[PDB]
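Undergrad: After the structure tokens below, expect a handful of questions from me.
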Amino acid sequence: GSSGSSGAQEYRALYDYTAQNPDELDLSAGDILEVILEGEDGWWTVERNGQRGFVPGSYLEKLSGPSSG
């Protein structure tokens, strides 16, 4: 089980989000994504399987606890 030290701020969706435009990404409670940048307005930048999109942080959750979870 190789892991190392380097990682990435993972975020677990909280509620299913349907991207109206082909630009935004559809979220889903449980989906594991990464936050590239933080928007001051609300539009957060996250990537999933190489694909990039834009979704509101409100529909995100920072997973804390690399152990016992």
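Just so we're on the same page: first chain in the structure tokens is A, next is B, and so on; residues restart at 1 for each chain, and ligands are numbered from 1 in the order they show up.
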Please return, as JSON, numbers by chain, all residues of chain A that DSSP assigns to strand (DSSP E) on the basis of the backbone.

TA: {"A": [10, 11, 12, 32, 33, 34, 35, 36, 37, 43, 44, 45, 46, 47, 48, 51, 52, 53, 54, 55, 56]}

Undergrad: Quick one: residues within 10 Å of residue A:64, only C-alpha atoms, excluding same-chain residues fewer than 4 positions away - as a PDB file with C-alpha atoms, in the first residue's frame?

TA:
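Final file, part.pdb:
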```pdb
ATOM      1  CA  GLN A   9      -7.032  18.720  -0.779  1.00  0.00           C
ATOM      2  CA  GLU A  10      -9.906  16.357  -1.571  1.00  0.00           C
ATOM      3  CA  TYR A  11     -13.543  17.441  -1.320  1.00  0.00           C
ATOM      4  CA  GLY A  69     -11.804   7.040   8.263  1.00  0.00           C
TER       5      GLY A  69
END
```

Undergrad: Report as a PDB file with N, CA, C and O atoms, in the first residue's frame all protein, DNA and RNA residues lying within 6 Å of residue A:54, evaluated on only C-alpha atoms, omitting residues in the same chain fewer than 4 positions from it.

TA:
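What landed in part-v6.pdb:
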```
ATOM      1  N   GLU A  24     -19.955  24.048 -16.566  1.00  0.00           N
ATOM      2  CA  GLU A  24     -19.934  23.606 -15.177  1.00  0.00           C
ATOM      3  C   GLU A  24     -19.932  22.082 -15.092  1.00  0.00           C
ATOM      4  O   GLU A  24     -20.257  21.394 -16.061  1.00  0.00           O
ATOM      5  N   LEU A  25     -19.564  21.561 -13.928  1.00  0.00           N
ATOM      6  CA  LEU A  25     -19.519  20.118 -13.714  1.00  0.00           C
ATOM      7  C   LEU A  25     -20.610  19.677 -12.743  1.00  0.00           C
ATOM      8  O   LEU A  25     -20.921  20.379 -11.782  1.00  0.00           O
ATOM      9  N   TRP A  43     -18.001  30.712  -7.328  1.00  0.00           N
ATOM     10  CA  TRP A  43     -17.622  29.744  -8.350  1.00  0.00           C
ATOM     11  C   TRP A  43     -16.248  29.152  -8.057  1.00  0.00           C
ATOM     12  O   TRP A  43     -15.225  29.805  -8.262  1.00  0.00           O
ATOM     13  N   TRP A  44     -16.231  27.913  -7.579  1.00  0.00           N
ATOM     14  CA  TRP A  44     -14.981  27.235  -7.258  1.00  0.00           C
ATOM     15  C   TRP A  44     -14.493  26.406  -8.440  1.00  0.00           C
ATOM     16  O   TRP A  44     -15.291  25.911  -9.236  1.00  0.00           O
ATOM     17  N   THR A  45     -13.176  26.257  -8.549  1.00  0.00           N
ATOM     18  CA  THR A  45     -12.582  25.488  -9.637  1.00  0.00           C
ATOM     19  C   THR A  45     -12.137  24.111  -9.157  1.00  0.00           C
ATOM     20  O   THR A  45     -11.251  23.994  -8.309  1.00  0.00           O
TER      21      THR A  45
END
```

Undergrad: Using only C-alpha atoms for the distances, tell me which of A:19, A:34, A:68, A:50 is nearest to residue A:7.

TA: A:34
